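Peer 1: I would like to see how this sequence folds:
(3 chains, ligands or ions: 8)
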Amino acid sequence: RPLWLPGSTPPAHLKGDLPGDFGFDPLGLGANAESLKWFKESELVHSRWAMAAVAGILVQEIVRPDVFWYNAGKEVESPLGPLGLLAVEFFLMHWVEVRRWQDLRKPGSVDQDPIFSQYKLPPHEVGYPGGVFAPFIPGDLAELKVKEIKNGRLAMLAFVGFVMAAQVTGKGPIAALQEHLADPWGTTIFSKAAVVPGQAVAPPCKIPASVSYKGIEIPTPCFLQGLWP
Amino acid sequence: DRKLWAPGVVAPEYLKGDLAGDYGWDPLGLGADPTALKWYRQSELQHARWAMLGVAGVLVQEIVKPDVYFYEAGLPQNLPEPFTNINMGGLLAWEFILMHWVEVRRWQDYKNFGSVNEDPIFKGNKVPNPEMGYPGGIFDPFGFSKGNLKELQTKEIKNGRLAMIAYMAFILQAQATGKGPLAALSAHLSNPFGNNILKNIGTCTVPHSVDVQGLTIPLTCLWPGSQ
Amino acid sequence: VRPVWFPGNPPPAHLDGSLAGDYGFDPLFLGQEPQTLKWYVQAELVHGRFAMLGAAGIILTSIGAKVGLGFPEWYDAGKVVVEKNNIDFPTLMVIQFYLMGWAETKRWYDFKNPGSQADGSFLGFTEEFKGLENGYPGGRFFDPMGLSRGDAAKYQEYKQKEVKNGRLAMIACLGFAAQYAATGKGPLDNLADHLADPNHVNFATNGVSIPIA
Ligand code: CHL
Ligand code: CHL
Ligand code: CLA
Ligand SMILES: CC1=C[C@H](O)CC(C)(C)[C@H]1/C=C/C(C)=C/C=C/C(C)=C/C=C/C=C(C)/C=C/C=C(C)/C=C/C1=C(C)C[C@H](O)CC1(C)C
Ligand SMILES: CC1=C[C@H](O)CC(C)(C)[C@H]1/C=C/C(C)=C/C=C/C(C)=C/C=C/C=C(C)/C=C/C=C(C)/C=C/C1=C(C)C[C@H](O)CC1(C)C
Ligand SMILES: CC1=C[C@H](O)CC(C)(C)[C@H]1/C=C/C(C)=C/C=C/C(C)=C/C=C/C=C(C)/C=C/C=C(C)/C=C/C1=C(C)C[C@H](O)CC1(C)C
Ligand SMILES: CCCCCCCCCCCCO[C@@H]1O[C@H](CO)[C@@H](O[C@H]2O[C@H](CO)[C@@H](O)[C@H](O)[C@H]2O)[C@H](O)[C@H]1O
Ligand SMILES: CCCCCCCCCCCCCCCC(=O)O
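Peer 2: Residues are numbered from 1 along each chain as shown, chains lettered A, B, ... in the order given. Ligands and ions are numbered 1, 2, ... in the order given. Below you will find the coordinate block:
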């Protein structure tokens, strides 16, 4: 079985049953069965949210270059005021999140449509609703379960890159790649920061500290700026 | 049996003559633990091969460019074109990434011998790795292992140990004199009694710090000498 | 056999290497009586865990002060928070004794009567307050990720790291007080001064630690 460190022995709890199992659990966070059952769903949810966000941020930059994703919340203007938009989001997510959660707490107890009795998801697994949520499957499901986790772990690490790049460069994903491609030797973080016993040098936060939005002033801090290289 | 580091000394029981360059020399008994001896032998191989490349670099560079001082070649302003004043940070980026791969590969071979003896990409490409620290194959492109490997391992460790002492001579001579290893010899031969450690020692000719592209790197000599 | 604090000296009898961080150190035999030893075990863990949070709090806020982020020095934070935020000191202190009082008294009676806080008396919660071991109250509230209920060997190793890191933090907090008292500056200001001049800027030249110096 391919492993994260060739030649290494995987944790005893990491046999190889779960998709994406490359024997990586150095801290032993998944040695408890009931804990592993939660973290597995959490990894899937994080993966799918990140994959859509990384796709959306890149597309938004191409279709709407003038708008920096980090500044979108304040810039995007709609007739449905911030509160009206949030109310709708809150109720819709409360329902879907509770429905998905109850599946994890009692599998098979939330596969039935609550308005139409004729529609019920077939018996399935937590994290893999299927049924109406899976109209087409282009290939072996097991193989795609590996593709989903691998493309998700990469996206989750990309978003974090988009965030730190935004705070260190003030630019969207593409605008950074171009800066780096213009001068790779002088655009890497090593060429932007340096700590030695004598002194410490860190790139400045390029994100305004506060934003003014509909007369509120929203706090907008950089992430662990004090611990920045 | 074999020759030892001194006349009358009894070799440690753990040093029986298996490893090349075994003069039964372990005054501080650091090889008594088998696990430690294995790691220390790898460490000794690493320090030997790196030091032999270092002695050869300082000497070759000194002959080709006698105007460039080895102790201060790392300064980017002294980098050869087109690398002069190149972003040192960007340069360290390449070294960290490349070295980290090769060093973790070699490391995993220590943790599990013969566990990383295959190309992780182009499967089928494999190094023989007869002994730990001796990969061979692509690493031995001329086939010199297919002979008296043990006698060649002796020449390697012996030349390496001598090069490790020499390199530290170059460093200390550079710190006390301010010149490279062939320039120091010339100064000695120029006036052996006039120029020697008796007078050279007592002075650190190295600044306290240098500004590299905006960063102050603190510098120290190996002894409290006038700095 | 087990490494001891003073190599060559036999470990005390009341110390059999069973407890985490057992290096046979009890020169004044203060833990000779067992029940007393159990109490001191929870005491060292509670002192140590607070010191670890303390040390990590001072180090981060000290870094933020070293850089230009406007974080007050640890010895000045108490006044800054109350002043800038117009917080009433008496209210905050009494609220703390209310919350800590509840948590401490429940931990106290668990020590006096192990498992006695899992009867459901507290909002019907039972298993989250039973306690795994003295000074180790696992469950789903205090050990939310199950590290104690998965891989017994990993649990033992984690206990060793916790006690050693807690004893280091307890030593570090005594250092933060002694250094402030002797120098009047912050901890990362002291580290910068030493790093700048390690042979001329240390305790021997502070004019306080060695009076005859
Ligand atoms: C009759 C006297 C009586 C006395 C003196 C005590 C004393 C105590 N009880 Mg006890 N109880 C008493 C009766 C009863 N208890 C309980 C049930 C419990 C339980 C289940 C527990 C205790 C616990 C405790 C201890 C809590 C320790 C602490 O610091 O708390 C102070 C902590 C506080 C949080 C203070 C409470 C709030 C404060 C008075 C201010 C309130 C502010 C609010 C904002 C109010 C706002 C209201 C508005 C918004 C509507 C304590 C020594 C606890 C303990 O340690 O057990 C080992 C515990 O777990 N008691 C019942 C019902 C069975 C009782 C009577 O019927
Ligand atoms: C591999 C061996 C190697 C050796 C023996 C030397 C030796 C030398 N370099 Mg050199 N270098 C070496 C590699 C490299 N150098 C440079 C870049 C430079 C520059 C730019 C300069 C030197 C300088 C010097 C000289 C003075 C340095 C001194 O006194 O140290 C001072 C040493 C220290 C303060 C501490 C360094 C050791 C540290 C323990 C190393 C390990 C730390 C880790 C990398 C990570 C630490 C972070 C952790 C906590 C996460 C000296 C002759 C200086 C010079 O020429 O002065 C005239 C100088 O300015 N070197 C690069 C980057 C391409 C190297 C890459 O491998
Ligand atoms: C978590 C995913 C996510 C989030 C939070 C956002 C958020 C945002 N996007 Mg965006 N986007 C995404 C994914 C996402 N996008 C993806 C995957 C794509 C590629 C198709 C795009 C392509 C895109 C473009 C081209 C643009 C935005 C724009 C915007 C901003 C304002 C436009 C808007 O939302 O008005 C309201 C949005 C709607 C009315 C559409 C309703 C939602 C559809 C119709 C239903 C789909 C539901 C779906 C099945 C649920 C699963 C998704 C999953 C993430 C949970 C806003 C901050 C605009 C912008 O940048 O403004 C400056 C803009 O130009 N996005
Ligand atoms: C055996 C034992 C045991 C018993 O028990 C006892 C006792 C005695 C303790 C012991 C002993 C020990 C010893 C002797 C050791 C030695 C060491 C050394 C000297 C090393 C070096 C080592 C050395 C080394 C590595 C070296 C390295 C080097 C290099 C890389 C190079 C570099 C460079 C060059 C090219 C040039 C330029 O311009 C600069 C630079 C960049 C700088
Ligand atoms: C064992 C033994 C045995 C034998 O028999 C005898 C003898 C020897 C006697 C013994 C003992 C010894 C010792 C050494 C002890 C020690 C102790 C300590 C040091 C503690 C600390 C301890 C310490 C600790 C807790 C700490 C804590 C801390 C905290 C909470 C916090 C703080 C802070 C912060 C964050 C920040 C802001 O600013 C505020 C404050 C508030 C300021
Ligand atoms: C229980 C639980 C359960 C679930 O399941 C999972 C989880 C969540 C994971 C868990 C949790 C955990 C935690 C919370 C941890 C924390 C820790 C810490 C804070 C530590 C510190 C720790 C800390 C420490 C050691 C400290 C250290 C310190 C030191 C040495 C110091 C040093 C120094 C001094 C003195 C002075 C100067 O001037 C400066 C310096 C140089 C700075
Ligand atoms: C048990 C665990 C904790 C043990 C250690 C606790 C140490 C507490 C140290 C407090 C030292 C300062 O003591 C406290 O200082 C603040 C400083 O504003 C005072 O605070 C006073 O003014 C401020 C406004 O400026 C307001 O909170 C209020 O008007 C009043 O309380 C308190 O009246 C005083 O009691
Ligand atoms: C600043 C102080 C405000 C008052 C805070 C009081 C909080 C209640 C503390 C009561 C603890 C009683 C514990 C029971 C006695 C015992 O365990 O032996």
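Peer 1: For the most centrally placed residue in chain B, give me its contacts.
Peer 2: Centroid check for chain B by CA atoms, centre = their mean gives residue B:51 as the closest residue, at 2.1 Å. Residue B:51 sits next to B:160, B:163, B:164, B:166, B:167 when contact means CB atoms under 8 Å, 6 or more residues apart in numbering or on different chains. Where you see a C-beta, it was placed from the backbone N, CA and C, and this is true even at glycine.
Peer 1: Give me the secondary structure label for the nearest residue to the first one once chain neighbours are set aside.
Peer 2: The shortest distance from residue B:160 to any residue other than its chain neighbours is 2.4 Å, reached at residue B:48 (CB to CB, 6 or more residues apart in numbering or on different chains). With DSSP: H, G, I helix; E, B strand; the rest coil as the basis, residue B:48 sits in helix.
Peer 1: Pretty sure residue B:48 sits against residue B:166.
Peer 2: No. Residue B:48 lies out of contact with residue B:166 (CB atoms under 8 Å); the separation is 11.6 Å.
Peer 1: Counting neighbours, go ahead and name the busier of those two.
Peer 2: residue B:48 (21 against 17; other CB atoms under 10 Å in any protein chain shown).
Peer 1: how about the strands in chain A?
Peer 2: For chain A, the strands defined by DSSP state E occupy A:194-195, A:200-201, A:210-211, A:218-219.
Peer 1: The ones you listed: which one's closest to residue A:141?
Peer 2: Between residue A:141 and the strands of chain A, the tightest spacing by CB to CB is seen for strand A:218-219, at 43.2 Å.
Peer 1: mind putting the contacts of residue B:51 in a markdown table, secondary structure and distance to ligand 6 included?
Peer 2: Shown next, in a markdown table, are the contacts of residue B:51 (DSSP: H, G, I helix; E, B strand; the rest coil; distance: CB to the nearest ligand atom, whole Å):
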| residue | secondary structure | distance to ligand 6 |
| --- | --- | --- |
| B:160 | helix | 38 |
| B:163 | helix | 38 |
| B:164 | helix | 34 |
| B:166 | helix | 38 |
| B:167 | helix | 33 |
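Peer 1: which of those count as buried?
Peer 2: Buried residues within these, defined by neighbour count using 16 or more other CB atoms under 10 Å in any protein chain shown: B:160, B:163, B:164, B:166, B:167.
Peer 1: Can I get those residues in a markdown table including distance to residue C:167?
Peer 2: Shown next, in a markdown table, are the buried ones among the contacts of residue B:51 (distance: CB to CB, whole Å):
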| residue | distance to residue C:167 |
| --- | --- |
| B:160 | 43 |
| B:163 | 45 |
| B:164 | 40 |
| B:166 | 46 |
| B:167 | 42 |
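Peer 1: Of those residues, which is the nearest to chain A?
Peer 2: Proximity of those to chain A (CB to the nearest CB) peaks at residue B:167, which lies at 23.8 Å.
Peer 1: one step back: check contacts around the residue nearest to residue B:160.
Peer 2: Residue B:48 touches B:156, B:157, B:159, B:160, B:161, B:163, B:164, counting by CB under 8 Å, 6+ apart.
Peer 1: List the buried residues in the strand or helix carrying the third one.
Peer 2: Residue B:159 is part of helix B:149-177, with elements assigned from DSSP states H and E. Across helix B:149-177, burial judged by 16+ other CB under 10 Å covers B:149, B:153, B:156-157, B:160-161, B:163-164, B:166-167, B:170-177.
Peer 1: and the closest residue to residue B:39 other than its chain neighbours, helix, strand or coil?
Peer 2: Spatial nearest neighbour of residue B:39, excluding adjacent residues (CB to CB, 6+ apart): residue B:110 at 7.2 Å. For residue B:110, the assignment made with three-state DSSP gives helix.
Peer 1: Is there a neighbour count for residue B:110? I'd like the number.
Peer 2: 14.
Peer 1: same check, this time on residue A:162
Peer 2: Neighbours around residue A:162, by other CB under 10 Å: 20.
Peer 1: ok, now residue A:164?
Peer 2: Neighbours of residue A:164 (other CB under 10 Å): 17.
Peer 1: on that earlier part again, which helices and strands sit right next to the helix holding residue B:159?
Peer 2: helix B:34-64, helix B:181-190, helix B:197-200 (3 or more CB pairs under 8 Å, 6 or more residues apart in numbering or on different chains; DSSP states H and E).
Peer 1: Can you point out the buried residues in the first one?
Peer 2: For helix B:34-64, the buried set under the neighbour-count rule, 16+ other CB under 10 Å, comprises B:37-38, B:41-42, B:44-45, B:48, B:51-52, B:54-55, B:58-59, B:62.
Peer 1: for those residues, which one is nearest ligand 1?
Peer 2: Nearest to ligand 1 among the buried residues of helix B:34-64, counting by CB to the nearest ligand atom, is residue B:38 at 56.4 Å.
Peer 1: Leaving out the residues flanking it, which one is nearest to the closest one?
Peer 2: residue B:132 (7.1 Å).
Peer 1: Also residue B:226?
Peer 2: Residue B:226 sits nearest to residue B:203 (CB to CB, 6+ apart), 4.7 Å away.
Peer 1: now swap in residue B:200 and tell me
Peer 2: Ranked by CB to CB, 6+ apart and with sequence neighbours excluded, the top spatial neighbour of residue B:200 is residue B:176, at 4.2 Å.
Peer 1: what about that neighbour, distance to ligand 2?
Peer 2: The gap separating residue B:176 from ligand 2 is 13 Å, by CB to the nearest ligand atom, to the nearest Å.
Peer 1: Next: residue A:170.
Peer 2: Distance of residue A:170 to ligand 2, given as CB to the nearest ligand atom: 28 Å.
Peer 1: what's the answer for residue A:106, then?
Peer 2: Residue A:106 is 48 Å from ligand 2, where distance means CB to the nearest ligand atom.
Peer 1: What is the burial count for that residue?
Peer 2: Neighbour tally, residue A:106, other CB under 10 Å: 9.
Peer 1: Let me know which of the helices and strands packed on helix B:149-177 is the nearest to residue C:3.
Peer 2: Minimum separation from residue C:3 across these (CB to CB) falls at helix B:34-64, 16.8 Å.
Peer 1: does the closest one come close to ligand 2?
Peer 2: No. Residues of helix B:34-64 are not located near ligand 2 by CB under 6 Å from any ligand atom, the shortest gap being 7.0 Å.
Peer 1: thinking in terms of the whole chain, how far from its middle is that helix?
Peer 2: 3 Å (CA atoms, centre = their mean, to the nearest Å).
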